[PDB]
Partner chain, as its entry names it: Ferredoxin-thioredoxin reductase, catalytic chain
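Below sits a lone chain in structure tokens, taken as the form deposited without the partner chain.
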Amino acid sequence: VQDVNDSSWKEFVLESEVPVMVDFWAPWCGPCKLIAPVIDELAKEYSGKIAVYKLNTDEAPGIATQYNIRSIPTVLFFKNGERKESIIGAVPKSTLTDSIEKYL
């Protein structure tokens, strides 16, 4: 994705055919979109395995709501448009890695 919002959520996130992961970033966090720390690493770690996305929280006041994302960052782990695991904080690298391999 370029930037995930409510429209692109169904299209990119729920329609990749492949295990999906979404970094929730916030403008008040700074330029957190191009940071996506552990998520950026899970990209090269699971090259092909996963579809790596970054949600513009301010742009999606429905997604952030629905998924109960209280922390920036937060990451959710989907398979093929189906949600498996939610790592609030999205910071302990090992847990995030653990989270794909769980279902993938």
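Residue numbers count along the first chain shown, from 1.
The protein also exists as the form deposited with the partner chain bound; that form is not presented, and the subsequent description refers to it.
**Message:** Can you tell me whether residue 39 touches the partner chain? I mean in the deposited bound form, with a 4.5 angstroms heavy atom cut-off.
**Reply:** Because no heavy atom of residue 39 falls inside 4.5 Å of the partner chain in the deposited bound form, the answer is no.
**Message:** residue 51 versus the partner chain, in the deposited bound form: is there a non-hydrogen atom within 4.5 Å?
**Reply:** Contact with the partner chain, no.
**Asked** Would residue 29 sit within 4.5 Å of the partner chain in the deposited bound form, counting heavy atoms only?
**Response** Residue 29: yes, in contact with the partner chain in the deposited bound form.
**Asked** Is there a heavy atom of residue 70 lying 4.5 Å or less from a heavy atom of the partner chain in the deposited bound form?
**Response** Yes, residue 70 lies within 4.5 Å of the partner chain in the deposited bound form.
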